[PDB]
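**Student:** Quick one, upload.cif (mmCIF, C-alpha atoms):
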data_my_file
loop_
_atom_site.label_atom_id
_atom_site.label_comp_id
_atom_site.auth_asym_id
_atom_site.auth_seq_id
_atom_site.Cartn_x
_atom_site.Cartn_y
_atom_site.Cartn_z
CA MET A 1 2.24 -20.77 12.89
CA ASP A 2 2.26 -20.15 9.14
CA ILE A 3 2.40 -16.33 9.18
CA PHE A 4 4.76 -16.21 12.14
CA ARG A 5 7.30 -18.28 10.26
CA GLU A 6 7.20 -16.06 7.22
CA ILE A 7 7.60 -12.85 9.15
CA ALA A 8 10.32 -14.42 11.30
CA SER A 9 12.30 -15.85 8.36
CA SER A 10 12.30 -12.46 6.63
CA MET A 11 13.59 -10.46 9.61
CA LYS A 12 16.51 -12.64 10.72
CA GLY A 13 18.00 -11.50 14.01
CA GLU A 14 14.94 -9.43 14.89
CA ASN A 15 12.48 -9.81 17.79
CA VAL A 16 9.07 -10.72 16.43
CA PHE A 17 5.62 -10.68 18.11
CA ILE A 18 2.27 -11.16 16.38
CA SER A 19 -1.34 -12.01 17.14
CA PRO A 20 -2.58 -14.64 14.69
CA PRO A 21 -6.27 -14.21 15.53
CA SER A 22 -6.17 -10.44 14.89
CA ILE A 23 -4.66 -11.05 11.44
CA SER A 24 -7.06 -13.85 10.74
CA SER A 25 -10.08 -11.75 11.64
CA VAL A 26 -9.16 -8.99 9.17
CA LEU A 27 -8.49 -11.55 6.42
CA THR A 28 -11.94 -12.93 7.12
CA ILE A 29 -13.50 -9.47 6.57
CA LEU A 30 -11.77 -9.37 3.21
CA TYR A 31 -13.03 -12.91 2.54
CA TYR A 32 -16.58 -11.81 3.08
CA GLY A 33 -16.22 -9.38 0.20
CA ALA A 34 -14.04 -11.36 -2.14
CA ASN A 35 -15.05 -13.43 -5.10
CA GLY A 36 -13.47 -16.26 -6.99
CA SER A 37 -9.72 -16.77 -6.70
CA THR A 38 -9.22 -14.04 -4.12
CA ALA A 39 -11.95 -15.74 -2.09
CA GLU A 40 -10.35 -19.16 -2.50
CA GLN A 41 -6.90 -17.94 -1.44
CA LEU A 42 -8.35 -16.24 1.68
CA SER A 43 -10.63 -19.07 2.80
CA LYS A 44 -7.56 -20.88 4.11
CA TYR A 45 -7.61 -18.33 6.95
CA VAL A 46 -11.25 -18.17 7.97
CA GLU A 47 -11.64 -19.34 11.58
CA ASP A 56 -12.58 -15.36 28.70
CA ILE A 57 -11.77 -12.59 31.16
CA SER A 58 -8.20 -12.26 29.95
CA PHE A 59 -8.58 -11.92 26.19
CA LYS A 60 -10.75 -9.42 24.34
CA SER A 61 -11.04 -8.72 20.62
CA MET A 62 -13.16 -6.38 18.45
CA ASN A 63 -13.56 -5.78 14.73
CA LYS A 64 -14.67 -2.55 13.10
CA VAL A 65 -15.29 -1.92 9.49
CA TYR A 66 -15.42 1.63 8.25
CA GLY A 67 -16.91 2.27 4.83
CA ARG A 68 -16.65 5.35 2.61
CA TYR A 69 -20.02 7.08 2.94
CA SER A 70 -20.33 7.78 -0.80
CA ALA A 71 -19.78 4.13 -1.64
CA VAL A 72 -22.67 1.70 -2.17
CA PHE A 73 -22.18 -1.71 -0.54
CA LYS A 74 -23.40 -5.26 -1.14
CA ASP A 75 -25.95 -6.38 1.46
CA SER A 76 -24.38 -9.82 1.64
CA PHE A 77 -21.01 -8.37 2.56
CA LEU A 78 -22.78 -6.27 5.19
CA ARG A 79 -24.84 -9.20 6.42
CA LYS A 80 -21.66 -11.21 7.05
CA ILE A 81 -20.02 -8.34 8.92
CA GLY A 82 -22.85 -7.45 11.26
CA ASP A 83 -23.17 -4.50 13.59
CA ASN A 84 -19.42 -3.90 13.20
CA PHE A 85 -20.08 -1.62 10.21
CA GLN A 86 -19.90 2.12 10.09
CA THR A 87 -19.87 4.80 7.44
CA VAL A 88 -17.36 7.64 7.52
CA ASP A 89 -15.67 10.33 5.51
CA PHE A 90 -12.05 9.40 4.91
CA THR A 91 -11.54 12.93 3.58
CA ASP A 92 -11.76 14.59 6.97
CA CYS A 93 -8.62 13.81 9.00
CA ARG A 94 -10.50 13.81 12.32
CA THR A 95 -11.52 10.45 10.97
CA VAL A 96 -8.05 8.99 11.49
CA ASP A 97 -8.00 10.43 14.98
CA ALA A 98 -11.38 8.92 15.85
CA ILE A 99 -10.26 5.47 14.61
CA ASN A 100 -6.97 5.62 16.55
CA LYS A 101 -8.64 6.86 19.67
CA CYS A 102 -10.97 3.90 19.51
CA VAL A 103 -8.12 1.36 19.03
CA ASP A 104 -6.23 3.25 21.70
CA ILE A 105 -8.81 2.98 24.46
CA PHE A 106 -9.74 -0.65 23.60
CA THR A 107 -6.01 -1.68 23.91
CA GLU A 108 -5.60 0.33 27.09
CA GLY A 109 -3.20 2.72 25.39
CA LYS A 110 -0.91 0.00 23.99
CA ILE A 111 -1.60 0.38 20.29
CA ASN A 112 -1.49 4.14 19.57
CA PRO A 113 -1.64 5.21 16.90
CA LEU A 114 -2.59 2.28 14.71
CA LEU A 115 -2.86 4.59 11.63
CA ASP A 116 0.23 6.69 10.83
CA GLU A 117 -0.68 8.30 7.53
CA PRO A 118 -3.64 10.50 6.68
CA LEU A 119 -5.63 7.99 4.67
CA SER A 120 -6.07 8.54 0.96
CA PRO A 121 -9.33 9.86 -0.55
CA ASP A 122 -8.70 6.89 -2.86
CA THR A 123 -9.78 4.82 0.16
CA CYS A 124 -13.01 2.80 0.13
CA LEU A 125 -12.89 0.56 3.21
CA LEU A 126 -10.94 -0.01 6.43
CA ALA A 127 -11.26 -3.36 8.20
CA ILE A 128 -9.67 -3.13 11.63
CA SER A 129 -9.08 -5.66 14.32
CA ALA A 130 -7.84 -5.05 17.81
CA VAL A 131 -7.12 -7.49 20.59
CA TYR A 132 -6.04 -7.05 24.20
CA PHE A 133 -4.74 -9.41 26.87
CA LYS A 134 -3.67 -8.99 30.46
CA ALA A 135 -3.30 -11.60 33.17
CA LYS A 136 -1.36 -12.22 36.33
CA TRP A 137 0.93 -15.27 36.48
CA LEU A 138 -0.72 -18.09 38.48
CA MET A 139 2.45 -17.63 40.54
CA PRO A 140 4.20 -14.25 40.37
CA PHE A 141 7.98 -14.01 40.08
CA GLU A 142 9.44 -12.30 43.16
CA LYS A 143 11.11 -9.00 42.29
CA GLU A 144 13.67 -9.90 44.91
CA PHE A 145 15.09 -12.54 42.58
CA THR A 146 15.18 -10.36 39.48
CA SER A 147 18.69 -9.49 38.45
CA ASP A 148 20.99 -8.80 35.55
CA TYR A 149 22.38 -11.79 33.70
CA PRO A 150 24.18 -12.10 30.33
CA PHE A 151 21.87 -13.07 27.45
CA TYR A 152 23.36 -14.72 24.37
CA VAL A 153 22.33 -12.70 21.32
CA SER A 154 24.83 -15.01 19.53
CA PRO A 155 27.35 -17.63 20.83
CA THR A 156 29.94 -14.99 21.73
CA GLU A 157 27.89 -11.77 21.98
CA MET A 158 26.67 -11.20 25.49
CA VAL A 159 24.20 -8.52 26.49
CA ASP A 160 22.84 -7.59 29.89
CA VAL A 161 19.17 -8.49 30.56
CA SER A 162 17.03 -8.27 33.64
CA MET A 163 16.30 -11.99 34.30
CA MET A 164 13.35 -13.20 36.39
CA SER A 165 13.79 -16.33 38.52
CA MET A 166 11.41 -18.75 40.17
CA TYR A 167 12.91 -21.63 42.16
CA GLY A 168 11.66 -25.08 42.95
CA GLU A 169 8.06 -24.94 41.79
CA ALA A 170 6.69 -27.53 39.42
CA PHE A 171 5.52 -26.90 35.85
CA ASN A 172 4.37 -28.84 32.83
CA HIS A 173 7.50 -29.43 30.81
CA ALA A 174 8.98 -31.67 28.14
CA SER A 175 12.44 -32.45 26.77
CA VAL A 176 11.89 -32.74 23.07
CA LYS A 177 14.22 -34.49 20.65
CA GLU A 178 13.65 -33.67 17.02
CA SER A 179 15.50 -34.17 13.79
CA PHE A 180 15.46 -30.36 13.51
CA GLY A 181 16.88 -29.63 16.99
CA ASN A 182 16.38 -30.58 20.62
CA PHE A 183 14.70 -28.19 23.01
CA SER A 184 12.95 -27.81 26.28
CA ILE A 185 9.33 -26.68 26.43
CA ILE A 186 7.64 -25.25 29.42
CA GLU A 187 4.20 -23.97 30.28
CA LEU A 188 3.84 -20.95 32.60
CA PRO A 189 0.18 -20.56 33.66
CA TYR A 190 -1.78 -17.32 34.10
CA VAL A 191 -4.61 -16.89 36.63
CA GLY A 192 -7.57 -18.08 34.59
CA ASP A 193 -7.44 -20.36 31.55
CA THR A 194 -4.46 -19.14 29.59
CA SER A 195 -0.74 -19.80 29.74
CA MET A 196 2.59 -18.90 28.18
CA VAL A 197 4.42 -21.82 26.58
CA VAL A 198 8.14 -21.19 26.05
CA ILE A 199 10.36 -23.18 23.61
CA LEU A 200 14.07 -23.09 24.48
CA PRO A 201 16.60 -24.75 22.07
CA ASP A 202 19.27 -26.80 23.85
CA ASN A 203 21.73 -25.24 21.48
CA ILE A 204 22.60 -21.67 22.30
CA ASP A 205 22.11 -20.94 18.62
CA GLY A 206 19.47 -23.46 17.58
CA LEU A 207 16.27 -21.48 17.36
CA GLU A 208 16.08 -21.13 13.61
CA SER A 209 15.71 -24.77 12.60
CA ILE A 210 13.08 -25.30 15.30
CA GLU A 211 11.33 -22.09 14.31
CA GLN A 212 11.24 -23.41 10.77
CA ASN A 213 9.19 -26.38 12.03
CA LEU A 214 6.88 -24.58 14.38
CA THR A 215 3.64 -26.09 13.20
CA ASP A 216 0.19 -26.16 14.79
CA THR A 217 0.44 -29.91 14.52
CA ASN A 218 3.93 -30.10 15.99
CA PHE A 219 3.22 -27.57 18.69
CA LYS A 220 0.28 -29.56 19.95
CA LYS A 221 2.24 -32.82 19.97
CA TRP A 222 4.85 -31.13 22.18
CA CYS A 223 2.17 -29.70 24.51
CA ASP A 224 0.50 -33.11 24.72
CA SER A 225 3.76 -34.63 25.93
CA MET A 226 4.36 -32.25 28.80
CA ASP A 227 4.37 -33.52 32.40
CA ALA A 228 4.60 -31.83 35.79
CA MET A 229 8.19 -31.71 36.99
CA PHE A 230 10.09 -29.57 39.37
CA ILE A 231 12.30 -27.18 37.48
CA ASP A 232 13.79 -23.81 38.16
CA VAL A 233 12.75 -21.02 35.77
CA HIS A 234 14.80 -17.99 34.63
CA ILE A 235 13.33 -15.80 31.94
CA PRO A 236 13.84 -12.20 30.88
CA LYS A 237 11.50 -9.44 32.03
CA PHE A 238 10.72 -7.73 28.66
CA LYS A 239 8.83 -5.16 26.62
CA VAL A 240 8.44 -5.19 22.86
CA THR A 241 6.41 -3.36 20.28
CA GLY A 242 6.31 -4.39 16.71
CA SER A 243 5.07 -2.94 13.46
CA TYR A 244 4.77 -5.18 10.41
CA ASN A 245 3.66 -4.78 6.77
CA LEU A 246 2.10 -8.19 6.09
CA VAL A 247 1.63 -8.00 2.30
CA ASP A 248 4.99 -9.45 1.27
CA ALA A 249 4.75 -12.20 3.81
CA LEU A 250 1.20 -13.03 2.78
CA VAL A 251 2.02 -12.99 -0.91
CA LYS A 252 4.96 -15.35 -0.31
CA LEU A 253 2.37 -17.51 1.42
CA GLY A 254 0.11 -17.80 -1.59
CA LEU A 255 -2.09 -14.71 -1.31
CA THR A 256 -1.14 -13.54 -4.76
CA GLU A 257 -4.68 -12.71 -5.96
CA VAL A 258 -5.43 -10.63 -2.83
CA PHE A 259 -3.44 -7.39 -2.73
CA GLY A 260 -3.46 -4.67 -5.37
CA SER A 261 -5.29 -4.49 -8.73
CA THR A 262 -5.81 -8.26 -9.07
CA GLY A 263 -7.88 -8.14 -5.91
CA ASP A 264 -11.47 -9.12 -6.71
CA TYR A 265 -13.94 -7.74 -4.20
CA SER A 266 -17.20 -7.42 -6.14
CA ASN A 267 -19.00 -9.15 -3.29
CA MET A 268 -18.17 -6.11 -1.19
CA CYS A 269 -18.50 -3.06 -3.41
CA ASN A 270 -20.06 -2.09 -6.72
CA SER A 271 -17.03 -0.23 -8.07
CA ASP A 272 -13.58 -1.76 -8.50
CA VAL A 273 -11.76 -1.78 -5.17
CA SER A 274 -8.26 -2.93 -4.27
CA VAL A 275 -6.51 -3.72 -0.99
CA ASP A 276 -3.28 -1.78 -1.03
CA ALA A 277 -1.89 -2.28 2.49
CA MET A 278 -2.08 -4.40 5.62
CA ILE A 279 -0.36 -3.40 8.83
CA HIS A 280 -0.10 -5.30 12.18
CA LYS A 281 1.06 -3.50 15.28
CA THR A 282 1.75 -5.31 18.54
CA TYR A 283 2.82 -4.84 22.10
CA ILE A 284 3.81 -7.12 24.96
CA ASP A 285 5.02 -6.60 28.47
CA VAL A 286 6.20 -9.53 30.51
CA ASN A 287 7.06 -8.72 34.07
CA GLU A 288 7.19 -10.53 37.40
CA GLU A 289 3.60 -9.75 38.18
CA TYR A 290 1.79 -10.21 34.88
CA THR A 291 1.93 -10.28 31.11
CA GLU A 292 0.15 -7.60 29.07
CA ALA A 293 -0.34 -7.75 25.34
CA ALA A 294 -2.14 -6.09 22.48
CA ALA A 295 -2.30 -5.99 18.74
CA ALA A 296 -4.30 -4.33 15.99
CA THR A 297 -4.51 -5.18 12.32
CA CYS A 298 -5.65 -3.03 9.46
CA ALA A 299 -6.25 -3.69 5.78
CA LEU A 300 -6.95 -0.58 3.66
CA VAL A 301 -9.17 -1.10 0.55
CA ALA A 302 -8.95 1.63 -2.12
CA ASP A 303 -9.61 2.25 -5.80
CA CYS A 304 -13.13 3.56 -6.42
CA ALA A 305 -12.75 6.93 -8.20
CA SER B 1 19.74 -34.49 26.16
CA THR B 2 18.04 -31.18 27.09
CA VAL B 3 17.46 -29.55 30.49
CA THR B 4 14.61 -30.54 32.85
CA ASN B 5 15.79 -29.26 36.24
CA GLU B 6 16.57 -25.76 35.02
CA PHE B 7 14.89 -23.67 32.32
CA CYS B 8 17.50 -20.96 31.67
CA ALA B 9 16.27 -18.70 28.86
CA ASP B 10 19.51 -16.83 28.34
CA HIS B 11 19.45 -17.40 24.62
CA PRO B 12 16.83 -16.94 21.87
CA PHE B 13 13.50 -18.54 22.50
CA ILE B 14 9.94 -18.72 21.19
CA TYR B 15 6.98 -17.86 23.43
CA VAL B 16 3.36 -18.59 22.80
CA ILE B 17 0.41 -17.12 24.67
CA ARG B 18 -2.52 -19.55 24.36
CA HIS B 19 -5.92 -20.52 25.73
CA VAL B 20 -5.83 -23.76 27.73
CA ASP B 21 -8.13 -25.49 25.25
CA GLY B 22 -5.57 -24.72 22.57
CA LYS B 23 -6.33 -21.49 20.68
CA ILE B 24 -3.15 -19.48 20.10
CA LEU B 25 -3.59 -15.81 21.04
CA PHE B 26 -0.03 -14.51 20.43
CA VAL B 27 3.30 -15.92 19.12
CA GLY B 28 6.64 -14.22 19.46
CA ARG B 29 10.39 -14.79 19.24
CA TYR B 30 12.83 -13.23 21.71
CA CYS B 31 16.18 -12.54 19.92
CA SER B 32 17.52 -9.77 22.15
CA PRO B 33 16.56 -7.14 24.74
CA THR B 34 15.29 -3.74 23.69
CA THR B 35 16.29 -0.28 24.96
CA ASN B 36 17.24 -0.21 28.65
#
Kindly transcribe the structure held in the file into structure tokens.

**Tutor:**
Amino acid sequence: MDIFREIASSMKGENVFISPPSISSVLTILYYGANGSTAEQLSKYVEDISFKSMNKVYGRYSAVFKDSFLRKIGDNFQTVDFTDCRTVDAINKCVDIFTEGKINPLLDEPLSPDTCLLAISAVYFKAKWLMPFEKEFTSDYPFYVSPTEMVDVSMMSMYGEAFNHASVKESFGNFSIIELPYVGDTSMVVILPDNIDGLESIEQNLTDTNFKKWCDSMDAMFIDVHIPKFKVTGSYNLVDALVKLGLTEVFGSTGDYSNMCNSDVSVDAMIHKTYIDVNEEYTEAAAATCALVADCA
Amino acid sequence: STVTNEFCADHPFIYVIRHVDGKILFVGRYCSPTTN
């Protein structure tokens, strides 16, 4: 996970949770309206009952758009007045009900009249574990924030069931990998370093290619599982991370989006907000991504 | 070596929510608990 690594590396010590498809779907909107270099840089990111996603594109009513851009976006387009602030409330309310109240509010600042376009993505997930953890076994255990810093966490336990699992030996660290299934066709794969402090070097090699190799090697084995019950919400500005990743002709002035608008527009911000709740009964998650395109008058 | 009888996540770990085929829906890192 390209983007995950960047964000993780730049927030050492911090919990991190992101939804790659949500980010990828906004970048794709931007792609649809970009030309040249900007388009080339972005192309590298153009890509059930448990997972739902939706994209909305809001355009400034006084702007004139390119039909191609609009053709590529489909019935996800809508014209609005960014001037009126009820506009921000209508957008948030929409992201809010689609994410079952988990992402609210996505937009924190009254948008600028300098704004031309908002491409928003929202995704929602909720599913019960194929096999629930029994609350009876949930109890407080020390969690190692660092080798000698212990903090109390509510730990869930499931004894003597079997799960797909693999002991992985790698030049960058050894770890255990397990798959916890959800009712339906999704699962949660967890990567646990053998070294109390070895996550970073493994994190640094978390690649789509590597990740699949590890999954491919898993076999059913009996193993007892203890994992924290947890809730986390994150808010990330993705620009820096994305620039560091090679999207240098995408944000600000140098952004070329003449395949979107007539005027000269620029993308001056890109936020990602997320939420996840892991409990003994189910896992619930949501995320929303927004890129704000401005510069037109 | 690595464990294979017990999966004790009492230290930082990575978790990935994915579709069985293979599409990754969410990726996170658990460094420490939050609030209480």

**Student:** Quick one: which residues end up in the PyMOL selection byres ((chain B) within 6 of (chain A)) for this structure, as a ChimeraX atom specification?

**Tutor:** /B:2,5-11,13-20,25-32

**Student:** Output the residue selection produced by the PyMOL selection byres ((chain A and resi 76) around 10) on the file above, formatted as a compact mmCIF listing (two decimals) with C-alpha atoms, in the coordinates of the input.

**Tutor:**
# COMPACT_ATOMS: atom_id res chain seq x y z
CA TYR A 32 -16.58 -11.81 3.08
CA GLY A 33 -16.22 -9.38 0.20
CA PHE A 73 -22.18 -1.71 -0.54
CA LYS A 74 -23.40 -5.26 -1.14
CA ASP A 75 -25.95 -6.38 1.46
CA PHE A 77 -21.01 -8.37 2.56
CA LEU A 78 -22.78 -6.27 5.19
CA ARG A 79 -24.84 -9.20 6.42
CA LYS A 80 -21.66 -11.21 7.05
CA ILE A 81 -20.02 -8.34 8.92
CA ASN A 267 -19.00 -9.15 -3.29
CA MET A 268 -18.17 -6.11 -1.19

**Student:** Decode the PyMOL selection byres ((chain A and resi 114) around 7) for the given file into explicit residues and return them as a ChimeraX atom specification.

**Tutor:** /A:100,111-113,115-116,281,296

**Student:** Can you tell me how far atom CA of residue A:144 sits from atom CA of residue A:289, in Å to one decimal?

**Tutor:**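 Atom-to-atom, atom CA of residue A:144 and atom CA of residue A:289 are spaced 12.1 Å apart.
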
**Student:** One decimal, in Å: what's the spacing between atom CA of residue A:255 and atom CA of residue A:39?

**Tutor:**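 Between atom CA of residue A:255 and atom CA of residue A:39 the gap is 9.9 Å.
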
**Student:** What separation in Å, quoted to one decimal, exists between atom CA of residue A:248 and atom CA of residue A:117?

**Tutor:** 19.7 Å
